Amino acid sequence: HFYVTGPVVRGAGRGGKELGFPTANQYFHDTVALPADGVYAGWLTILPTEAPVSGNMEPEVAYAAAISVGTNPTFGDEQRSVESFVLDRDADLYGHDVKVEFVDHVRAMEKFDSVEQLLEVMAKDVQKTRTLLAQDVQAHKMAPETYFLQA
């Protein structure tokens, strides 16, 4: 899969608290190759580290993630981000170097008229992501210790 690596950094502060979908934000210079803006199913891995990870994620495990690439046009954000909602987990990822692999495209990035409309679609994105990643596990015969995909 195409992938990017970089530290998880601070965004607008709205994902978890306003939308109920915390996103681990990464920002890249405009020279770095990314997939098209859009929503993706993929895997987020905390790279090997001696830094302690607070919460229920550990290094070197591929966690199922629903991923956004773009400028969050519903909100009118100013920089392109890669943003990963890690399914069914809760950890403090700020400052940790992570790898994000883009496995499947789910849909185009969209400017919604309201947060309600966006959340309705994000629920479907997450459901699709579960299904698509389950297929990926089978396609690569991934060893259970190496990934996390709840239910």
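The first residue of the shown sequence is 1; numbering continues from there.
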property	result
3-11 versus 140-148 - greater average Cα B-factor per the deposited record	140-148
Which of 126-134 and 20-28 has higher mean CA B factor, as the PDB entry lists it	126-134
C-alpha B-factor winner, where the candidates are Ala62, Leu118, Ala36, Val86	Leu118
From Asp90, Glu50, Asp97, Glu101, residue of greatest CA B-factor	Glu50
Assigned third (lowest, middle, highest) for the C-alpha B factor of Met57	middle
Lowest, middle or highest third - CA B-factor, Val106	middle
